[PDB]
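Below is one structure, written out as structure tokens, with a few remarks after it.
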Ligand SMILES: Cc1cc2nc3c(=O)[nH]c(=O)nc-3n(C[C@H](O)[C@H](O)[C@H](O)COP(=O)(O)OP(=O)(O)OC[C@H]3O[C@@H](n4cnc5c(N)ncnc54)[C@H](O)[C@@H]3O)c2cc1C
Ligand SMILES: O=c1c2cc(O)c(O)cc2oc2cc(O)c([C@@H]3O[C@H](CO)[C@@H](O)[C@H](O)[C@H]3O)c(O)c12
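Residue numbers (the working numbering): 23 to 479.
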């Protein structure tokens, strides 16, 4: 089923792995690419957002088919065990998506820009890569210029936030990846990847091990889930863009076990709240700051949550990074895919509860600016509800034992092996990470595309 050897073997089919296929299909057109996705194809084109399916029954079929083989939202599935431990909080609602397109087939396409300490300091071309990620995701800030209540909510929030703030951190329209239709991985891959005769997407293909020959990346061990047969595809470069959890799992199962692998895991603590407008008859952005480490997004709700005039407020906190926030794998216990079972060690420090308390007070302050608060008390979601897990394969300047990959997202111990996703982000971020993670993927894919085009082999 699979080719015996390719140039680049891509694990996963989310937006970050698709960004590797995108830049390689743009900058390295002669390189043969093999993308292996454990989940099935649930949309047309492969990786499109499920909302492109107008039929709710067909759309529910696409969502439920992505939930793998305390409830998870449509298109995602939770862990069955190893999500909490005595003495720690863990992530009881740590969810995952197994389908072509990954979570980008079910996400809401909010692509804000990092600011302050969120921005990775040792990347001088960060803004350059962030604009490129805007190009691949189709990000636009003017998707709701004709909305009646978008401008009203935005100006009423600005009356309490924009005080003393520079324009980059004032209330502004949330940059959205819209293609009406939310942009999925089909947008990231685009015509350049689908029309690339050297690229091929293999769905229902589980990658069980990363092959290493003489220290460098050798290939991937791919199990054909249609038949159960395990193949071995050779590759000069291996990109693992599974997710924030299964990416360190695949490396752990491959014997690639650095000290920082999975450690420094950080979830974005999320607070929700609702409020009502005041007039009779889009998504707003409350940017992060260092002194207010919260990321706010306000948007219209179809109806009131409690028994477009009603808005839903969501604040996301930046985590106090801890090394003991490790992702642990057990070789003896296997999950439903035959890979090592996950042990999630997550505990909010006192600094976390201090910031979380401030987020509840600030979202109430924001709810009073929009109008009459529909709710009475802001609700804190369980850890892992934001689906924004970082640091598990984080980048660093050196291999001091605190990072897993280079600034080019290249794993230190395994040359030719690259990791993609939110886990690559090493900083304490609060905004939606997918845009930044795609920007890091463009730098890593350009590191491969330049090494291929410049090589003599
Ligand atoms: C309801 C919802 C709303 C969201 N809204 C937002 C938002 O507004 N903003 C934002 O920034 N983010 C949002 N997200 C999160 C966003 O979708 C993800 O952060 C994004 O998909 C990350 O990209 P990725 O490719 O690294 O991860 P993924 O898309 O999860 O990539 C992992 C892929 O690899 C596959 N895979 C895993 N293991 C293997 C293996 N062993 N072999 C082969 N393939 C494998 C998986 O099946 C999956 O397709 C939302 C998520 C959900 C569920
Ligand atoms: O699922 C939907 C959704 C489904 C519909 O049918 C529809 O019409 C509109 C919808 O809008 C949404 C808007 C959202 O903000 C969220 C999100 O909460 C998550 C954790 O809980 C965070 O990851 C995301 O950062 C945050 O963006 C959503 O999950 C959804």
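Every residue gets a Cβ at the ideal spot worked out from N, C-alpha and C, and that includes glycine.
Bridge-paired residues (DSSP) for residue i
i, result
"residue 288", "412"
"residue 316", "339"
"residue 259", "30"
"residue 401", "294"
"residue 254", "243"
"residue 56", "31 and 222"
"residue 196", "According to DSSP, residue 196 bridges with nothing at all."
"residue 434", "Bridge partners of residue 434: none, in fact."
"residue 366", "349"
"residue 332", "298"
"residue 321", "305 and 334"
"residue 440", "261 and 432"
"residue 231", "243"
"residue 117", "100"
"residue 356", "362"
"residue 132", "198"
"residue 394", "298"
Neighbour-count burial assignment, residue i, 16 or more Cβ in a 10 Å radius
i, result
"residue 263", "buried"
"residue 102", "exposed"
"residue 367", "buried"
"residue 34", "buried"
"residue 341", "buried"
"residue 327", "exposed"
"residue 168", "exposed"
"residue 26", "exposed"
"residue 215", "buried"
"residue 316", "buried"
"residue 414", "buried"
"residue 205", "buried"
"residue 188", "exposed"
"residue 458", "buried"
"residue 80", "exposed"
"residue 304", "buried"
"residue 249", "exposed"
"residue 480", "The structure shown does not extend to residue 480, since the chain spans only 23 to 479, so no value can be given for it."
"residue 20", "Absent from the model: residue 20. The displayed extent of the chain is 23 to 479, so no value can be given."
"residue 235", "exposed"
Any non-hydrogen atom of ligand 1 within 7 angstroms of residue i CB
i, result
"residue 250", "no"
"residue 455", "yes"
"residue 339", "no"
"residue 301", "no"
"residue 444", "yes"
"residue 364", "no"
"residue 296", "no"
"residue 437", "no"
"residue 268", "yes"
"residue 413", "no"
"residue 459", "yes"
"residue 58", "yes"
"residue 228", "yes"
"residue 211", "no"
"residue 272", "yes"
Ligand 3 heavy atom lying under 7 angstroms from the CB of residue i
i, result
"residue 159", "Ligands displayed in this structure: ligand 1 and ligand 2; ligand 3 is not among them."
Distance cut-off 7 angstroms: residue i Cβ against heavy atoms of ligand 2
i, result
"residue 403", "yes"
"residue 282", "no"
"residue 388", "no"
"residue 292", "yes"
"residue 95", "yes"
"residue 130", "yes"
"residue 409", "yes"
"residue 336", "yes"
C-beta neighbour in chain D for residue i, strict 8 angstroms
i, result
"residue 357", "No chain D appears in this structure, which consists of one protein chain only."
Close Cβ partners of residue i (< 8 angstroms) along its chain, the five nearest in sequence each way excluded
i, result
"residue 181", "391"
"residue 373", "342"
"residue 461", "148, 151, 152, 154 and 155"
"residue 163", "194, 195, 196, 197 and 198"
Other residues of its chain near residue i: CB distance less than 7 angstroms, five sequence neighbours each side excluded
i, result
"residue 191", "137, 309 and 311"
"residue 139", "312, 449 and 450"
"residue 254", "233, 241 and 243"
"residue 345", "285 and 286"
"residue 113", "105, 289, 366, 368, 405 and 406"
"residue 107", "367"
"residue 471", "45, 46, 49 and 50"
Chain-order list of residues whose beta-carbon lies under 6 angstroms from that of residue i (same chain, five-residue window excluded)
i, result
"residue 125", "119"
"residue 266", "411, 414, 443, 444 and 445"
"residue 217", "none"
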